[PDB]
Amino acid sequence: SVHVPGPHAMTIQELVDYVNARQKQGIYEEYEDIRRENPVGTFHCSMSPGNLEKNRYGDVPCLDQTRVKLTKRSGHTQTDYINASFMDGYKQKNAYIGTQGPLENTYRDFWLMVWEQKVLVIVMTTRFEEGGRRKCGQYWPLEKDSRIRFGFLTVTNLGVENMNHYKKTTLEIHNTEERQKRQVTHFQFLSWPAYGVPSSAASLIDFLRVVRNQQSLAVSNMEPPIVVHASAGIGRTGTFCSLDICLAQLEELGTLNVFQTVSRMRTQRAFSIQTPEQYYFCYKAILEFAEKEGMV
Amino acid sequence: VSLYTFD
């Protein structure tokens, strides 16, 4: 994984001092420093005709070097392309697939990716619409017993649990060609607006724990990536994954480095973390968690 | 024409 502690992992108390020294504006300047880093990679597949329409946003391509390729294609319009990026996690290659909110014309691509990448957990940190603007397609059967066939992948909703700030949807993916079935858990976090931070870092971290627990549970029953998406799949997605990585490293090694995490993440899911507020949120969420956990 | 980051 690109996410190794080195070379400047910080303890939680050093993180407190670091944030105190830099303050919000210093952290914002640090985010700008990240935004300016020489972008290593190309976006040719994203920009190819045929694939342009598969990008929700003209300004959010995905890197060639880390993209999730679709193998079992069908139909001229299904290229190997989905706007989806393999993302390392803490001590884990390809812990996530960061991807955009599926478009009607990429629903089937999305589920193909979920099938091919053996995904067990989908994390969605977007509503379908914000400001009456569609931000994500309704790419999964919303109501229990509802199903949608995406070619040879039939997705059936097995139940929806409505929690505080998120919804947990149990999906069956039935590969009807291979006669194979898999349960995928779909988590939709509802209180994290685009370009924003979650209303409560504690709610996000609890959600992170729920996601982790479900990933761990599903895996104990087979490591596949967790699909993490928002609308573009970069801002809230990068923030979610970065927080996850930092918290995981904090838990295991007592250290973290937000700047390293985000910088490295942006070499995999380009443009990860989309506002300085989200970048600052990573720090503040960690510090708030640290306080709540008596670590500081 | 759909942009994620707009001013």
Practice prompt. Please report, in whole Å, how far the alpha carbons of segment A:1-124 spread along each principal axis, starting with the longest.
Written response: 56, 29, 24
Worksheet item: Quick one: if you stick a label point 7 Å off each Cα along the C-beta vector at A:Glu172 and A:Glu37, how many nm between them?
Response: 4.4 nm
Worksheet entry | Karplus-derived 3J(HN,Hα), 6.51/-1.76/1.60, for each residue of segment A:99-115, Hz, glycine and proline x | 8, 6, x, x, 8, 3, 7, 10, 3, 5, 4, 4, 5, 4, 4, 4, 5
Practice prompt. Could you work out, residue by residue across A:52-64, how many beta carbons of other chains sit within 10 Å of that residue's beta carbon, and then give the average as an integer?
Written response: 2
Discussion item. Given the options A:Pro225, A:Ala201, A:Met265, identify the residue whose Cα lies farthest towards the positive end of the charge dipole of chain A (+1 on Cβ of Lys, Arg; -1 on Cβ of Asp, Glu).
Written reply: A:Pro225
Item to complete: Place the peptides A:239-252, A:66-79, A:203-216 in order of packing, highest mean first, counting for every residue the other Cβ atoms within 10 Å and averaging per peptide.
Response: A:239-252, A:203-216, A:66-79
Worksheet item: In what sequence, highest mean first, do A:189-202, A:88-101, A:31-44 appear when ranked by Cβ atoms within 10 angstrom?
Response: A:88-101, A:189-202, A:31-44
Practice prompt. Please go through the residue pairs A:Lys24/A:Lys167; A:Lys24/A:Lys93; A:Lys93/A:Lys168 and name each one whose alpha carbons sit more than 28 Å apart in this structure.
Written response: A:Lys24/A:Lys167; A:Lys24/A:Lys93
Practice prompt. Just tell me which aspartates and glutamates come within less than 12 Å, Cα to Cα, of A:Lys135; anything on the same chain fewer than 8 places away is out.
Written response: A:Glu104
Response to the item:
Taking the square root of 5λ for each eigenvalue of the C-alpha gyration tensor of segment A:242-296, the equivalent ellipsoid has semi-axes, largest first and in whole angstrom, of 21, 13, 7
Fill in: Separation in nanometres of the label points that stand 7 Å from Cα toward Cβ, at A:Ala21 and A:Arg149
6.2 nm
Item to complete: Find the Cα radius of gyration of the protein assembly as shown, compare it with 2.2 N^0.38 Å by division, and give the number to two decimals.
Response: 0.96
Worksheet, complete the sentence: Sorted on mean Cβ neighbours within 10 Å (highest first), peptides A:146-152, A:231-237 come out as A:231-237, A:146-152
Worksheet item: A:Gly41: net charge of surrounding residues, Cβ under 10 Å, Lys/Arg +1, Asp/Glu -1, itself excluded?
Response: +1
Fill in: Estimated inter-spin distance, A:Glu14 and A:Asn221, nm [label 7 Å along Cα→Cβ]
4.1 nm
Worksheet item: For segment A:58-108, what is the Kirkwood hydrodynamic radius in Å, using each pair of distinct C-alpha atoms?
Response: 12.0 Å
Practice prompt. Could you run the Debye sum over the Cα atoms of segment A:167-296, one equal point scatterer each and no solvent, and tell me log10 of I(q)/I(0) at q = 0.18 Å⁻¹, two decimals?
Written response: -1.03
Worksheet item: Cβ under 15 Å from A:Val121's Cβ, A:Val121 left aside: what net charge do those residues give with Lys, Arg +1 and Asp, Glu -1?
Response: +2
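Reconstructed Cβ throughout: ideal geometry from the backbone, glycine too, with neighbour counts over all protein chains shown. Quick note: the coordinates plus some simple rules give every number you see, no bench work behind them.
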